[PDB]
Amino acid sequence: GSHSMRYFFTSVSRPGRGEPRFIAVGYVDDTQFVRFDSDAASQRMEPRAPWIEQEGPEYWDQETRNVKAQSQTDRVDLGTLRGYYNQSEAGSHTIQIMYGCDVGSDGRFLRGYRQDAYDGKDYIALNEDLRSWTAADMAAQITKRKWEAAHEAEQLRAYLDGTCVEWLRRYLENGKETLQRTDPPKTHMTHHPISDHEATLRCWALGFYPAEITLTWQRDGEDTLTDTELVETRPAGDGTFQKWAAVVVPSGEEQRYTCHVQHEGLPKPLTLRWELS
C-alpha cells in the first residue's frame, strides 16, 4: 500500500519565560520514529522507533542541528507574525508546521505538502503542484511575496519530491518488519439498557493499523445519523488504534440496526447485527 513521511513542529512563545517551547515529531505512516523537545534534557533529535536506532552518529548529528535551525526560524517568525497581526508582546502565540511526502507501493513519489498555521488557524500552504503558495489572509500574503522572492518553493520542492522520497524509501526498508504490516480491526458489538424500553448499541473496532477507518449505522439498510455517537479514533498505545460508534435504539428493535466497518485490511466490509433470539 501507500506510505507517507511527515514532520510536525510546534513553537510556543512564552513571554518573559525564556525562549519558545519547541517540539518536533517525525512519523512514517502512523508510527512515530523521531522527536525533539526543547525542554527535554537531551537537546538532541532522539530516536523513537526501534528500526531508526541503527542510524549512525552522523545522522543524529545532522538532524539535531537542522531541527534546531527550523526552531530558530520559528523563533524569529513568532516576532514577525506578531507584527503583521498587530499583537502585543505579552501574549503567548503558536506557530505550527506540517510537511512531508507520499509514495506508492513501488516507492514512486505521489504527493508533497507543506502547511503552516498561526494560533491554530491556516496561515500559508504550498499548493498541490509544488510551484505556488496559498496565503490564508492579507498578512500571510506578505510572507507569500517574500517566499516568491527568495524562490523557497523551488528549494522546498527539492526536498518534497527528492530527499524526502529517498529517505522514506530507506526507512521503509530499515523497518520493513514493523512498517509494512496491516492489522485489521477486531470487531464486536455491545448492548446497554438505558431504561426499561431503550438501549445503547455500541459497535467496537480494536487493534487495527493504520488508523484510517469507517464506522456507520444502518436502520433497515438506511444510514441513521440520529442518536449516532462517534468517538475520535484513538491509539491503543502499542501501535494499534481503537474506535467505537453507538446508537440508542428502542428495546426489542435491536435486530433492525446494523453496523458497518470499512478498513484496508478487511477483504470485504464487515456487517454486524445484534442477534436476539
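Numbering starts at 1 and runs along the sequence shown.
Here 26-34 and 66-74 are compared by their mean Cα B-factor, and 66-74 comes out higher. When 129-137 is weighed against 114-122, 129-137 comes out higher, by mean CA B-factor as recorded in the entry. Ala153: CA B factor in the middle third of modelled residues in this chain (values from the PDB entry).
In this PDB entry, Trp217 carries a Cα temperature factor that places it within the highest third of its chain's modelled residues. Looking at the C-alpha B-factors along this chain, the one for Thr10 belongs to the lowest third. Residue-level temperature factors show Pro235 in the lowest third of its chain, judged at the C-alpha atom. In the deposited entry, the Cα temperature factor of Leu225 places it in the highest third of its chain's modelled residues.
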